[PDB]
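Descriptive analysis of the structure
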Amino acid sequence: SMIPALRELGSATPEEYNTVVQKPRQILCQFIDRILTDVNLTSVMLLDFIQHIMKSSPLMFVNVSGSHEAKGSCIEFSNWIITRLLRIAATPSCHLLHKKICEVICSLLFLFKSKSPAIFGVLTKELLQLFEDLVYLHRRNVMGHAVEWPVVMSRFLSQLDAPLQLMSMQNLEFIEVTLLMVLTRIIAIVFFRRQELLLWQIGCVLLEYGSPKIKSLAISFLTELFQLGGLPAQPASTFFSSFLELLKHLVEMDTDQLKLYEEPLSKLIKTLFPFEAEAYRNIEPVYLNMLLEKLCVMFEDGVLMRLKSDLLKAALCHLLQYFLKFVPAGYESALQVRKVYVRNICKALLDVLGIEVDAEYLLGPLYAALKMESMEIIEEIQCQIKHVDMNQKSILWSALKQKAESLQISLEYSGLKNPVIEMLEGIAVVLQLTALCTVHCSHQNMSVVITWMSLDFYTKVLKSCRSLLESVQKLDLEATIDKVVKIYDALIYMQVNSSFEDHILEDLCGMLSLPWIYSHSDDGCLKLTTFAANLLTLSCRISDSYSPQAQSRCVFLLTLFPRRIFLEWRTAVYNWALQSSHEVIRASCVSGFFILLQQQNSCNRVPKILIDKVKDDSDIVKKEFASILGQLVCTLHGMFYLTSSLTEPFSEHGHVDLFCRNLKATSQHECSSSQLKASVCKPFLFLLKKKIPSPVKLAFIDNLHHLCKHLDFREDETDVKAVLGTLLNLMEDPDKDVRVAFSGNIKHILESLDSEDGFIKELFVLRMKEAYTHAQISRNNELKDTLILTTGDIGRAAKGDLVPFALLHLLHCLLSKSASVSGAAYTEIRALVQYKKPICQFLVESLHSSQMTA
Amino acid sequence: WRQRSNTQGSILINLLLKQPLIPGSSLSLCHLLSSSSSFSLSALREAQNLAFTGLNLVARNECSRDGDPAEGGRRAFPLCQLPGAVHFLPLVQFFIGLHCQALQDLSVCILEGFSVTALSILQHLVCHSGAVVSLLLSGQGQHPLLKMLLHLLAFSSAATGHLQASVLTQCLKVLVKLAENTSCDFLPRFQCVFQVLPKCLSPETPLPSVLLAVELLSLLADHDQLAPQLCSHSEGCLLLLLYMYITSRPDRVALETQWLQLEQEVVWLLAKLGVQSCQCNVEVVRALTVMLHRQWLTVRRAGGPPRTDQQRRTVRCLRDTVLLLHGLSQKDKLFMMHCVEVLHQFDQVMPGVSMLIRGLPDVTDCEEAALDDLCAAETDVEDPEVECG
Amino acid sequence: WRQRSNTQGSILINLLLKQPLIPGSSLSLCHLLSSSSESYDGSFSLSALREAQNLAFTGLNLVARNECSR
């Protein structure tokens with residue numbers, strides 16, 4: 001390359017800058033002619049060299065001064081380069097080169113926008129016009145007007161030059177795809193609230209016509225456009241119609257086509273229908289009604305059954321949920337029409353429920369509809385506590401009961417009907433939804449109680465669980481175990497609500513311990529256990545079916561087991577959990593022992609055995625133990641009465657199963673006494689890792705926010721010293737986000753401290769001083785920022801002397817006047833709302849330091 | 001394209017027949033078309049009949065048929081001609097004039113409510129209807145309804161009261177839509193509405209109306225003549241008032257997300273002015289730095305990614321405001337002196353937004369470079385350590 | 001066959017539209033859909049009239065959108 005030409009580029013005057021560029025521009029044009037001129041995937045070397053020159057000689061691509069003449073000349077030269085790039089792009093064979101060409105051209109355009117905003121605006125207008133012409137050509141081809149497959153389609157024409165070739169209709173589609181990729185890259189720079197309509201037009205037309213994969217890329221571009229600036233009403237009608245058409249087509253699509261369009265299709269489904277509130281207003285009411293109608297058609301089509309892509313079925317379910325929950329009834333359409341369309345969608349949902357690949361997809365929407373019917377029942381109660389059966393109350397609920405009774409009846413009826421893993425999965429989805437409703441349906445749960453499945457139905461389900469306990473030849477033993485686990489979790493949630501039966505509780509504990517029973521049969525509680533006796537034989541089979549992650553789910557359920565029943569069997573199961581042969585098994589073991597320990601006996605500090613396992617179990621195990629520790633501290637001596645949140649499964653935690661796992665238990669009177677124990681904090685600190693637990697540390701701070709309120713504040717100076725050491729460690733953590741979280745929790749802690757103890761305040765000031773000294777030693781702006789945020793949290797506390805100390809820290813930054821620090825003190829008073837008087841004293845200190853200077 | 005988008009040819013014929021486009025008050029565009037109760041009040045029912053004919057035509061009228069090929073022009077999404085829609089306009093004029101007449105008078109609040117419903121009907125008409133836009137543009141006795149929108153906007157601009165306030169918002173929606181569908185040439189004709197806008201720019205003016213106004217000011221600014229209008233007075237740009245409304249955060253009632261929306265709108269306006277082809281300028285940089293500071297602080301406190309849509313908008317506005325700052329910096333050094341008074345807040349916010357940007361896949365080379373130009377803050381004045389803590 | 005059916009549906013919308021439904025008759029379809037309600041009242045609440053009115057509005061928009069099956 002002409003490196004001396006590159007140097008002359010800097011040397012040349014802005015007026016002669018055009019001539020200076022022409023010299024190396026000459027070599028660049030020759031290089032393009034070598035490869036760019038010929039149509040044809042070295043040339044990649046050429047495009048990379050183009051990008052390297054753009055980075056090296058920003059002035060060469062665009063004159064810095066411009067002068068109003070050199071700038072135009074650069075516009076022409078870049079237009080010629082873009083013409084060569086498009087010449088490369090149009091051909092499908094060289095399309096791959098065009099994308100890297102896309103990268104170079106887009107980077108140079110960004111560079112021009114930086115240096116030459118106006119010239120870049122002109123180039124972008126030319127690009128948008130070229131896009132409009134390509135869309136017009138596509139429209140003429142599709143509508144049936146003259147194809148005009150060869151055309152100059154000249155745009156951003158440059159006198160210095162080359163010719164802009166036109167691809168055959170399909171290759172023109174390819175060139176349009178490349179233009180769409182470039183526009184997707186540059187969307188943010190382009191959008192001006194006026195060209196926005198043009199971008200929406202290019203996208204909507206591309207959605208209407210073009211390759212299904214090109215259609216998918218266009219869907220992605222339209223999604224990015226929708227995220228920024230919404231959907232303009234004029235674009236809205238066409239985009240909504242195209243979305244309805246795509247929804248109808250989804251059934252009649254190629255599996256490869258489905259794979260091409262899935263991710264973009266799901267992204268559009270989500271962005272256009274955000275689960276978050278206030279999405280409803282964004283789309284027009286009639287458009288939303290049309291979405292509901294197309295969904296009704298899809299449900300009639302059984303698109304769930306037709307769909308060969310899970311993510312697409314997932315997005316269809318997402319639309320169902322958006323209509324059920326986030327779209328107010330009476331906005332998209334009249335109430336009764338909404339109820340009718342929803343009833344049809346629910347009927348289709350049950351039809352899919354009959355045979356299911358995965359229950360979760362059907363789970364959520366049925367959950368929302370059951371919640372809506374529950375609110376209806378609650379309104380019935382509101383206007384003139386007698387339980388009304390859920391199945392009788394709601395047609396959909398009785399329908400689900402019929403489907404479940406049918407699945408169980410078929411399993412009992414035939415051995416081949418007995419071997420229907422999908423039918424069991426459906427029965428399981430029914431049970432889980434039943435448990436979620438029993439948790440949340442009751443208006444008193446939100447007087448009358450509605451149980452979709454009666455306890456006798458639960459017992460028939462128990463008989464079905466026994467049939468599943470019957471060996472399946474081990475071909476599906478593990479999956480049968482997983483489904484039995486989901487059913488057991490549903491029964492467990494029902495028990496946490498209230499134990500279904502004491503013998504039912506015993507049978508449940510037996511099924512839960514079945515996988516490891518064969519190993520645990522020689523156990524003191526086990527041999528006594530009546531369930532154990534009959535169980536041992538199947539456990540001989542069950543042990544093979546049991547798997548590590550499934551075993552961990554089993555251990556979690558066992559910890560769920562009520563203490564009243566098989567408590568010693570539970571303690572043995574926890575001890576086996578202490579074994580932690582499987583790491584995920586170890587994690588579930590921690591989660592479960594968390595409940596089991598306090599129930600067993602001797603309400604007191606965390607078990608030393610569990611503490612040791614936490615000492616080194618795993619990084620993930622460390623995080624799970626941290627998450628548990630918050631509740632464990634509240635429940636160390638608390639009765640720990642089980643508490644069930646509604647937990648609407650909009651984004652169910654982990655698997656929809658383990659929902660029983662994601663439960664919270666609180667003692668009524670534990671809040672009465674904080675009962676802070678330093679050593680208990682000491683084990684948590686031993687769990688904490690300066691860097692290893694860092695995200696686990698953030699979770700630990702998150703739990704500490706809750707834990708702090710239950711802090712006795714009666715600790716000895718050594719114990720208060722220990723808590724202050726925990727806080728200083730919270731500050732020390734390397735993660736800046738870690739420190740910000742530390743201050744966030746520090747707010748709750750300062751609220752928690754019984755009083756702004758003068759000695760405690762002095763210790764806090766000393767910790768801050770050690771931190772600032774370590775900062776000055778670091779000479780690290782980031783540590784300075786962490787300390788500044790710490791002082792800001794202290795001021796937001798504004799607690800007692802701590803309020804004066806945090807004012808002193810704000811004064812420290814201000815006298816430091818650190819460019820970042822400055823104004824944070826202004827926020828500091830804002831966080832505030834005598835401290836200011838210490839500020840004047842610190843100003844006196846500033847005067848003394850200045851006198852020291854002179 | 002077998003479907004032919006016949007409904008797209010429909011000018012929201014359903015949108016016309018729906019509950020009040022303005023939320024609440026049960027305006028009932030049907031109730032208006034059928035209402036028993038400006039000038040020529042008699043034969044208000046004759047105008048109503050014109051509107052019923054128009055509705056039938058719009059239902060039967062599909063100018064945007066088989067992709068609207070006859071539709072043509074520079075404007076994107078050219079609305080179907082929908083000539084029948086036009087007939088609706090005399091009726092709208094009737095109630096709009098009723099409101100205008102109330103304004104001319106120095107009692108009938110409900111009367112104004114129908115007027116707001118009519119503003120909404122005109123809003124729906126400007127949308128999806130090409131003929132209405134062309135007529136309003138063609139129009140001095142020109143576009144009498146356009147003058148009525150202007151005079152109504154004015155009457156609201158001063159002593160609006162609660163009734164006028166919503167009328168301000170809706171009429172702004174119409175004035176902006178009529179502009180968006182309009183060509184550049186039309187914008188020379190709306191420069192008069194540009195004359196009306198300043199009063200809306202006032203701090204007393206609510207946040208929503210001024211958001212509609214910022215969008216409108218940009219759409220006008222697309223036209224060169226309106227562009228000189230963008231700052232008709234050198235001493236005080238309408239943009240100067242806009243920066244003042246941005247900083248002042250005067251409307252407490254507005255939710256933070258609405259402030260974000262006004263923020264990105266003004267970012268877009270500053271950008272559109274950025275592509276051409278005062279006390280207002282220094283203030284612009286002060287306001288830009290404070291806005292970037294508030295948004296970047298919100299982002300900084302949160303280690304978690306911007307999962308929610310509004311945080312996503314927040315990261316995006318952080319990026320684009322970064323670009324606007326980089327451009328203001330490159331154009332001149334005056335920003336730095338203007339930056340001086342808020343220089344500390346600026347140099348504090350800019351590194352943080354810069355790093356949050358740095359931690360992005362979507363980054364442009366352009367936006368990274370925009371930071372690179374700036375993002376030189378020592379953040380250490382370097383005083384003695386003793387007596388600070 | 002939908003397009004001719006769509007014409008039929010638009011025709012239904014137009015019949016719903018006409019200014020006088022019965023000649024010399026003051027009331028018009030929109031007058032019914034949104035009404036003063038001046039005045040079975042015991043059977044029918046003004047709110048009951050209102051909810052039915054909303055159902056009617058949704059229906060009118062639907063009928064306009066719809067294409068005839070024929």
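Residues numbered from 1 in each chain as written, not as in the entry; some residues may be left out. Chains lettered and ligands numbered in written order. Part of a larger assembly, values for the part shown. Heavy atoms only, no water. Residues with missing side-chain atoms left out of burial classes, pairs and counts.

The name recorded for chain C in the PDB entry is ATR-interacting protein, from Homo sapiens.

Within the PDB entry, the label attached to chain B reads ATR-interacting protein, and the organism entered is Homo sapiens.

**Quick word on the overall build of chain C**
For chain C, the count of helices and strands is 3 helices and 0 strands. From first element to last, N terminus to C terminus, chain C shows the α and β order α-α-α. Over its C-alpha atoms chain C spans a radius of gyration of 15 Å, topping by over 25% the 11 Å that the globule rule assigns to 70 residues. Dimensions along the principal axes, computed over C-alpha positions, put chain C at roughly 45 × 30 × 15 Å. (Helix = DSSP H or I, 4+ residues; strand = E, 2+ residues; numbered from the N terminus. Rg over C-alpha atoms; globule rule 2.2 N^0.38 Å.)

**Focus on the overall build of chain B**
Tallying secondary structure elements over chain B gives 19 helices and 0 strands in all. Seen along its three principal axes, the alpha-carbon backbone of chain B occupies a region of about 85 × 55 × 40 Å.

**Considering the UniProt feature "short sequence motif: EEXXXDL motif" in chain B**
Here, the residues flagged by UniProt with the feature "short sequence motif: EEXXXDL motif" are residues 367–374 of chain B. Within residues 367–374 of chain B, the helical portion is 88% and the strand portion 0%, while the C-alpha atoms at the span's ends are 11 Å from each other. (UniProt positions renumbered as here; feature names shortened; annotations may be inferred.)

**As for the interface of chain A and chain B**
Taken residue by residue, the interface counts 44 residues in chain A and 33 residues in chain B. At the level of secondary structure, the elements contributing two or more residues to the side of chain A that touches chain B comprise α6 (95–115), α7 (117–143), α9 (195–208), α11 (233–251), α14 (285–301), α36 (758–778), α38 (802–816) and α40 (836–853) of chain A. Counting residues per element, the side of chain A that touches chain B draws most heavily on α9(A), at 6 residues. Its residues assigned to classes, the side of chain A that touches chain B comprises 19 nonpolar, 19 polar and 6 charged. (Contact = heavy atoms within 4.5 Å. Nonpolar A, V, L, I, M, F, W, Y, C, P; charged D, E, K, R; others polar.)

**Some remarks on the state of the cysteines**
Disulfide partner of B:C30: C:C30, at an S-S distance of 2.1 Å. Taken together, the positions of B:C30 in helix α3 (residues 29–33) and C:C30 in helix α2 (residues 29–33) put the pair across two chains. Paired through a disulfide, B:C278 and B:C280 show a sulfur-sulfur distance of 2.0 Å. (Disulfide = S-S within 2.5 Å.)

**Observations concerning unusual backbone geometry**
With a phi angle near 75 degrees, A:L658 is a residue other than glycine that sits in the positive phi range. Relative to the elements of secondary structure, A:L658 occurs in the loop between β1 (641–643) and β2 (664–666). In this structure, B:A43 is a non-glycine residue whose phi angle is positive, near 80 degrees.

**Some remarks on the pattern of salt bridges**
Two side chains that carry opposite charge are able to pair once their charged atoms sit near each other. All names here are of chain B. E368 is the salt-bridge partner of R358, the closest N and O atoms lying 2.2 Å from each other. Here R358, found in helix α18 (residues 343–358), pairs with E368, found in helix α19 (residues 365–373); they are 10 residues apart in sequence, far enough to count as distant. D372 is the partner of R358 in a salt bridge, and the nearest nitrogen-oxygen pair spans 3.1 Å. Here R358, found in helix α18, pairs with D372, found in helix α19; they are 14 residues apart in sequence, far enough to count as distant. One network of salt bridges, in which partners are shared, links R358, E368 and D372. (Salt bridge = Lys/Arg side-chain N within 4 Å of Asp/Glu carboxyl O.)

**Some remarks on the environment of B:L153**
All names here are of chain B. Among the secondary structure elements, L153 is positioned in helix α8 (residues 144–157). Sequence spacing of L153 and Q164 is 11 residues, and the spatial spacing of their C-alpha atoms is 8.4 Å. With near-sequence residues (within four places) excluded, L153 lies in contact with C171, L172, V196 and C200.

**Points about the packing of helix α10 (residues 186–201) of chain B against helix α11 (residues 207–221) of chain B**
Residue and element names in this part refer to chain B. Running from amino to carboxyl end, α10 crosses α11 at an angle of 150 degrees, the nearest separation of the two axes being 10 Å. Here α10 is positioned roughly antiparallel relative to α11, judged by the angle of their axes. Judged by the sense of rotation from one axis to the other, the crossing of α10 with α11 is left-handed. Between α10, through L187, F190, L197, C200 and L201, and α11, the contact on the second element is made entirely by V210, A213, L216, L217, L219 and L220. (Axes fitted to C-alpha atoms, helices over the stretch in contact; angles between N-to-C directions. Parallel < 35°, antiparallel > 145°, perpendicular 65-115°, else oblique. Left-handed = near helix turned anticlockwise from the far one by under 90°.)

**What to know about the environment of B:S248**
Residues and elements named next belong to chain B. Here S248 is to be found in helix α13 (residues 238–248). For the pair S248 and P203, spaced 45 residues apart in sequence, the C-alpha separation works out to 7.6 Å. At 2.5 Å, the side chain of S248 and the backbone oxygen of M244 are in polar contact. (Polar contact = N/O pair within 3.5 Å; in protein donor to acceptor, adjacent residues only side chain to side chain.)

**A word on the packing of α11(B) against helix α14 (residues 256–274) of chain B**
Residue and element names in this part refer to chain B. Put simply, α11 and α14 touch, their axes get as near as 9 Å, and they point 15 degrees apart. What the angle tells us is that α11 and α14 run roughly parallel. Considering how the two elements wind past one another, α11 and α14 form a crossing that is left-handed. Between α11 and α14, the contacting residues are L211, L212, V214, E215 and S218 on the first element and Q261, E265, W268, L269 and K272 on the second. Looking at the contact of α11 with α14 residue by residue, the class counts come to 5 nonpolar, 2 polar and 3 charged.

**A look at the side chain of C:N14**
Locating C:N14 in the fold gives a position in helix α1 (residues 2–17). Of note is the side chain of C:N14, whose polar atom sits 2.4 Å from the backbone oxygen of C:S10. Excluding its chain neighbours within four sequence positions, the residues that come into contact with C:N14 are B:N56, B:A59 and B:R60.

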